[PDB]
Amino acid sequence: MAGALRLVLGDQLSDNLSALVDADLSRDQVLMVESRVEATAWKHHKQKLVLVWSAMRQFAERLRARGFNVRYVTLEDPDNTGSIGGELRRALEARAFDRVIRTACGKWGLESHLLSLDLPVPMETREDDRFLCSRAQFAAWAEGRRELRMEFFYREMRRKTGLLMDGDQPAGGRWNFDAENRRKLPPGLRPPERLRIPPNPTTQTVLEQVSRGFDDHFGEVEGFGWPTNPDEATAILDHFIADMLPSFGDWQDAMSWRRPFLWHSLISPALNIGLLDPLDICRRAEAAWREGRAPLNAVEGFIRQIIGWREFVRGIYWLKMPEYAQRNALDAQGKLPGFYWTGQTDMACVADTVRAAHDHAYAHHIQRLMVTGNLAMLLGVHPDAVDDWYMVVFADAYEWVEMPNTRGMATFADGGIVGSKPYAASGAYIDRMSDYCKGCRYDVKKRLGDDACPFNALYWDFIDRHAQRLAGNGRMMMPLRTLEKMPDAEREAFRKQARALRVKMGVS
Ligand SMILES: Cc1cc2nc3c(=O)[nH]c(=O)nc-3n(C[C@H](O)[C@H](O)[C@H](O)COP(=O)(O)OP(=O)(O)OC[C@H]3O[C@@H](n4cnc5c(N)ncnc54)[C@H](O)[C@@H]3O)c2cc1C
Ligand SMILES: Cc1nc2c(=O)[nH]c(=O)nc-2n(C[C@H](O)[C@H](O)[C@H](O)CO)c1C
Ligand code: SF4
């Protein structure tokens with residue numbers, strides 16, 4: 001009875017973490033490591049580093065206040081080996097333990113590494129039951145399904161959680177209340193001001209250290225306003241539930257120039273490191289509808305993103321890795337344009353997405369999908385390069401969620417496992433859902449010439465290039481019919497325009 005060494009990683013900052021269950025506070029030790037391996041696996045946004053390390057230090061203090069013995073290895077510690085495995089070994093050398101207990105993590109490569117570590121004591125790995133669907137449950141649901149579709153997974157998660165269920169039937173008599181025909185904000189409507197969290201003293205200290213120590217990483221650290229502990233994160237959630245959730249269903253796919261948050265919740269960076277709980281979030285939204293403070297379409301749309309999409313992508317990741325990370329179904333080989341890093345492009349929609357990534361480490365979903373994701377797919381950027389960008393620039397990015405949304409939904413590099421069709425779109429889509437195109441120097445009605453919106457020739461070149469395959473996919477009938485009715489000279493024209501754009505943008 002020497003006790004257990006309990007590992008807590010930077011995205012595991014929850015009192016209810018399975019590795020902390022049944023802790024013997026008089027014998028056990030919690031290990032937390034500020035890891036340069038993890039901090040450089042991708043060159044994470046400076047604000048992601050601030051968030052994780054500020055949240056970790058505060059979580060350690062919360063554990064100590066509850067009686068835990070915490071071995072906390074900081075970035076400045078000259079004996080820190082830099083890695084989780086190295087620090088495990090060193091912790092085990094410092095005092096006697098009977099075993100290591102940890103919670104399976106959110107990156108296949110680290111999980112595979114930790115599972116094969118040869119340590120002097122046994123290492124027990126527990127599932128991360130903060131998620132609503134276990135890895136085993138997803139595998140069992142997916143078995144024998146020719147295609148994995150969120151629509152059907154979501155119904156299963158509604159029945160299992162009981163969220164928005166009146167007995168055995170969905171509230172309102174339908175599962176999903178998504179509406180077609182949603183469009184951009186009306187000219188006069190101004191998105192409301194959003195609550196941000198001024199840095200607390202711990203966060204300020206970490207801000208100063210990241211500013212000095214990681215200046216080469218992407219992004220601005222000034223203005224950091226993300227919540228870094230459960231009190232701050234609940235404040236963000238409270239604001240969303242009371243002030244934004246009633247409007248959540250009107251504007252989920254709209255874009256407004258330099259209004260980067262609209263009515264979104266801004267909870268993903270906190271949720272993905274454990275500062276909020278998925279079930280609790282959804283129950284709070286359900287209560288808003290039950291009690292007459294929000295309409296059902298809004299609340300259902302919100303809950304579907306958390307118990308549906310979030311759990312579905314996690315399921316696909318662990319079911320399909322490691323091969324998933326290698327898939328390149330459209331044989332994309334291009335380089336990522338420099339403007340993905342600098343924002344220096346005349347494409348107003350792209351420039352605004354990069355602006356928000358740089359300044360806030362955030363862009364909302366339809367920008368990630370239909371602006372920068374769609375563009376990378378149409379350009380034929382190699383999926384490794386695309387995954388790298390999405391991992392670096394957003395404060396909510398962890399591989400389990402980034403990769404199926406990026407390699408899958410946004411770029412079809414997975415051949416449709418997540419998304420069932422490429423989300424390709426011309427500039428017409430961005431024009432219908434945003435206020436970007438009028439102020440953009442490009443003409444969204446033109447396909448050819450130096451004034452043409454690049455998305456237009458790129459879209460048709462993409463449909464053309466992959467025409468044989470997309471006609472088999474099944475769900476692209478309208479674009480292929482339009483392509484077919486085009487005379488040959490018109491097709492050759494947009495092929496040449498797209499070739500030019502790929503040279504101009506530094507792709508290929
Ligand atoms: C190419 C691309 C890459 C993405 N990379 C990430 C990533 O690294 N991390 C991440 O957490 N999300 C990722 N997303 C999903 C989604 O864009 C973000 O979760 C969302 O923008 C976060 O903003 P929010 O907290 O304001 O969410 P809201 O719009 O308020 O939505 C509520 C919550 O639903 C969840 N959610 C919504 N859509 C998804 C989805 N598609 N997948 C998973 N959870 C979702 C999040 O928990 C989010 O907080 C990606 C989407 C795309 C298309
Ligand atoms: C920047 C960063 N730093 C750390 C760290 O210092 N220590 C740690 O234990 N985890 C860190 N993380 C999170 C991991 O890199 C990784 O994304 C998660 O552990 C996946 O579950 C991140 C993202
Ligand atoms: S015209 Fe094209 S490039 Fe410019 S904002 Fe519209 S969609 Fe984006």
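These numbers come from the heavy atoms of this one structure, side chains and all, not from hydrogens, waters or symmetry mates. One is the number of the first residue; the rest follow in order along the sequence.
- Cation-pi geometry between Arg368 and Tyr390 is not met: the NZ or CZ atom fails to fall both under 6.0 Å from the ring centre and inside 45° of the normal.
- Between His364 and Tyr362, the ring planes are tilted. Angles from 30° to 60° get that label.
- Electrostatic pairing of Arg284 and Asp238 counts as a salt bridge here, judged by a charged N lying under 4.0 Å from a carboxylate O.
- The aromatic rings of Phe302 and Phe240 lie tilted to each other, with the angle between the two planes from 30° to 60°.
- Using a distance-only test at 3.5 Å, with no hydrogens or angles considered, a donor-acceptor pair links the side chain of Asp352 to the main chain of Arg258.
- Looking only at distances, no side-chain donor or acceptor of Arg158 sits under 3.5 Å from a matching main-chain atom of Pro170.
- A salt bridge between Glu300 and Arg174 is absent, with no side-chain N of the basic residue lying under 4.0 Å from a carboxylate O of the acidic one.
- Between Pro383 and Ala413, the closest heavy-atom pair is CB-CB, 3.9 Å.
- Taking 4.5 Å as the limit, some side-chain heavy atom of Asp253 sits within range of a side-chain heavy atom of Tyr429.
- You'll find the side chain of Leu458 reaches within 4.5 Å of the side chain of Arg502, heavy atoms only.
- Between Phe138 and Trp141, the angle of the ring planes lies from 30° to 60°, which puts this pair in the tilted group.
- Between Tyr340 and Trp389, the gap from one ring centroid to the other is short of 6.0 Å.
- The side-chain tip of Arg182 does not point at the ring of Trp251 from less than 6.0 angstrom away and within 45° of straight on.
- The environment of CD in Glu193 is sparse: at most 12 heavy-atom neighbours from other residues, nucleotides or ligands sit within 6.0 Å.
- The backbone N or O of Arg190 lies less than 3.5 Å from no partner atom in the side chain of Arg259, so there is not a single donor-acceptor pair.
- Counted within 6.0 Å of CH2 on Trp257, heavy atoms from surrounding residues, nucleotides or ligands total 12 or fewer; the atom is thus considered open.
- For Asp450, the CG atom counts as loosely surrounded, since its 6.0 Å shell holds 12 or fewer non-hydrogen atoms of other residues, nucleotides or ligands.
- Sorted by first and then second residue, the salt bridge (charged side-chain N to carboxylate O under 4.0 Å, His left out) pairs with a member in residues 132-144 read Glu127-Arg135; sequence neighbours excluded.
- Ion pairing between a basic and an acidic side chain is recognised when a charged N comes within 4.0 Å of a carboxylate O; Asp387 and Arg407 show such pairing.
- Both tests hold for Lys48 against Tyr398: distance to the six-membered ring centre under 6.0 Å, angle to the ring axis within 45°.
- Within 6.0 Å of CE on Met486 lie more than 12 heavy atoms contributed by other residues, nucleotides or ligands.
- You'll find the ring centres of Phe261 and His360 inside the 6.0 Å limit.
- Within 6.0 Å of atom CZ in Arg327, 12 or fewer heavy atoms from other residues, nucleotides or ligands are found, so the atom counts as exposed in its surroundings.
- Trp53 and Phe214 have tilted rings, their planes meeting at an angle from 30° to 60° on a 0 to 90° scale.
- Side-chain atoms of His45 never come within 3.5 Å of backbone atoms of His217 as a donor-acceptor pair (strictly under, hydrogens ignored).
- Across every non-hydrogen atom of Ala428 and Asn456, the tightest pair is N-OD1, 4.0 Å.
- Side-chain contact between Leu296 and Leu164 is present, with heavy atoms from C-beta onward closer than 4.5 Å.
- The shortest side-chain heavy-atom distance between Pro278 and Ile307 does not fall under the 4.5 Å cut-off.
- Here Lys43 does not pair with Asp216 in a salt bridge; the nearest charged N to carboxylate O distance is not below 4.0 Å.
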Stepwise salt bridge (charged side-chain N to carboxylate O under 4.0 Å, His left out) test for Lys184 and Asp435: CA-CA 7 Å; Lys184 65 178 87 189; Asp435 58 1; over 6 Å; no

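- Remark: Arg481 CZ is loosely packed, at most 12 non-hydrogen atoms of other residues, nucleotides or ligands lying under 6.0 Å away.
- In this structure, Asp488 places its CG atom where only 12 or fewer heavy-atom neighbours from other residues, nucleotides or ligands lie under 6.0 Å away.
- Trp226 places a side-chain heavy atom less than 4.5 Å from the side chain of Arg196.
- A cation-pi arrangement is absent between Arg149 and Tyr154 under the rule of less than 6.0 angstrom and at most 45 degrees off the ring axis.
- Put simply, the side chain of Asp461 never gets that close to the backbone of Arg499: no donor and acceptor are under 3.5 Å apart.
- Nearest approach of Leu483 to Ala467, heavy atoms of both residues: CD2-CB, 4.1 Å.
- With respect to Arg304 and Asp178, a salt bridge is recorded, a charged nitrogen being found less than 4.0 Å from a carboxylate O.
- Within the 4.5 Å cutoff, the side chain of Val371 has heavy atoms near those of the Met255 side chain.
- Heavy-atom contacts from other residues, nucleotides or ligands closer than 6.0 Å to NZ of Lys496 number 12 or fewer.
- One finds a salt bridge joining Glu286 and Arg290 here, because a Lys/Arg side-chain nitrogen approaches an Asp/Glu carboxylate oxygen to under 4.0 Å.
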